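Listed next as structure tokens is one chain, alone, in the form solved without the ligand.
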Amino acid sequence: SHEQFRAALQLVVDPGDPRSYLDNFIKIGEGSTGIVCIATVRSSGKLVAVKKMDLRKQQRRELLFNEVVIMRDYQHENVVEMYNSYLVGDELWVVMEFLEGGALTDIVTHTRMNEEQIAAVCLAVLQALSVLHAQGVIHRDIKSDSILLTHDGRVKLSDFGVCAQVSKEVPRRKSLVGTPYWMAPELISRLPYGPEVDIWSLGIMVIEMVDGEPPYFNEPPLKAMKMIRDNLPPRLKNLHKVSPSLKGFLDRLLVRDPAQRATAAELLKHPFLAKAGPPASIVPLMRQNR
């Protein structure tokens, strides 16, 4: 049955083994699905990322197909580009674009972002989301860990491992999926849901960018989820530290009623995003520059 699934994956991935053209694997990152490494392309000297996912170690093995669907069909300026997929023994390997600026998480936990920088990130994420949502793709794991940066401060959405598709025939999803603190209330309440869940999650990531942490981060995951489901929308620790424009923006995101929450396409027209700076404004926040 593991062997059954290896065979299934093989018909869908590129033939061969990327080890034949890649040198110097170094682990840089982690997740639920598996590890992320840097590798050098032997003939060019260029660096790529390689996502390795052990088939035996997945909660829902069939979600590994998400990696291939996104590669094949949904490439975009603000979305991490995937190059090739391979079955290497008991692992799926995805060779993809290396985002050398690292994850938004390292920034969020180590410095304060100004509103020009926050708005830049939000706009980049929302440009991605509005294109994905318009095609029925829901990310389902929006958080700072999923947002990666180039060295010149460009912002890209990654880690599509738990994404899903809605359509006319499948209007809503039902799976309990994501990271507790960032999960939308209707999703925690086990209601059928759609792209709106990404918008809530982004709102939690706005709080990350302001406070350095998502709400109830000091609570156990299961208690946090309960509080998200039962209580009023979570508030900023420091409301005096946001402009009324940023507060207006967040109020459109952290709406409990999914039908009243703003959509990604609506949010692109929000006055708060007018503050967005160029990619260059993000550059000083990175570890190599701080």
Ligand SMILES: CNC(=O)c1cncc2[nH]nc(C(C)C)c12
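All residue numbers refer to positions in the sequence shown, first residue = 1.
Participant: Report the stretch with the higher mean CA temperature factor, choosing between 128-136 and 70-78 on the basis of the entry.
Facilitator: If you average the C-alpha B-factors of 128-136 and of 70-78, the larger mean comes out for 70-78.
Participant: Could you settle it for me: does 250-258 or 219-227 have the higher average Cα B factor in the PDB entry?
Facilitator: Result: 219-227.
Participant: Using the entry's values, work out which of 41, 49, 26, 232 has the largest Cα B factor.
Facilitator: Answer, based on the entry's C-alpha B-factors: 232.
Participant: Can you pull the Cα B-factors for 163, 118, 191, 92 from the entry and say which is highest?
Facilitator: Highest C-alpha B-factor among the listed options: 191.
Participant: Among the chain's modelled residues, which third holds the C-alpha B-factor of residue 96?
Facilitator: Lowest third - that is where residue 96 ends up once the chain's C-alpha B-factors are sorted.
Participant: Split the chain's modelled residues into thirds by Cα B-factor; is residue 169 in the lowest, middle or highest one?
Facilitator: Its C-alpha B-factor belongs to the highest third of this chain's values.
Participant: Would you mind ranking residue 22 by its C-alpha B-factor against the rest of the chain and naming the third, lowest, middle or highest?
Facilitator: Its C-alpha B-factor belongs to the lowest third of this chain's values.
Participant: Within this chain's modelled residues, let me know which third the CA B factor of residue 112 belongs to: lowest, middle or highest.
Facilitator: For residue 112, whose C-alpha B-factor we compare with every modelled residue in the chain, the answer is the highest third.
Keep in mind that the form deposited with the ligand bound is not shown, yet the notes after this line are about it.
Participant: May I ask whether 36, 99 and 159 each come within 4.5 Å of the ligand in the deposited bound form, counting any non-hydrogen atom?
Facilitator: Yes, each of 36, 99 and 159 comes within 4.5 Å of the ligand in the deposited bound form.
Participant: Looking in the deposited bound form, any heavy atom of residue 227 within 4.5 Å of the ligand?
Facilitator: Taking the distances in the deposited bound form, the answer for residue 227 is no, it never comes within 4.5 Å of the ligand.
Participant: Taking any heavy atom pair closer than or equal to 4.5 Å as contact, tell me whether residue 28 reaches the ligand in the deposited bound form.
Facilitator: Residue 28: yes, in contact with the ligand in the deposited bound form.
Participant: Does residue 207 make contact with the ligand in the deposited bound form, using a 4.5 Å heavy atom cut-off?
Facilitator: Contact check for residue 207: no, nothing within 4.5 Å of the ligand in the deposited bound form.
Participant: I'd like to know if residue 49 sits close to the ligand in the deposited bound form, meaning any non-hydrogen atom pair within 4.5 angstroms.
Facilitator: Yes, residue 49 is a contact residue.
Participant: Could you work out which of 148, 197, 128, 118 is the residue within 4.5 angstroms of the ligand in the deposited bound form, going by heavy atoms?
Facilitator: Going through each option in turn, the one that passes is 148.
Participant: Looking at 165-173, 182-190, 99-107, 215-223, which one sits within 4.5 Å of the ligand in the deposited bound form if you count heavy atoms only?
Facilitator: One stretch meets the cut-off, namely 99-107.
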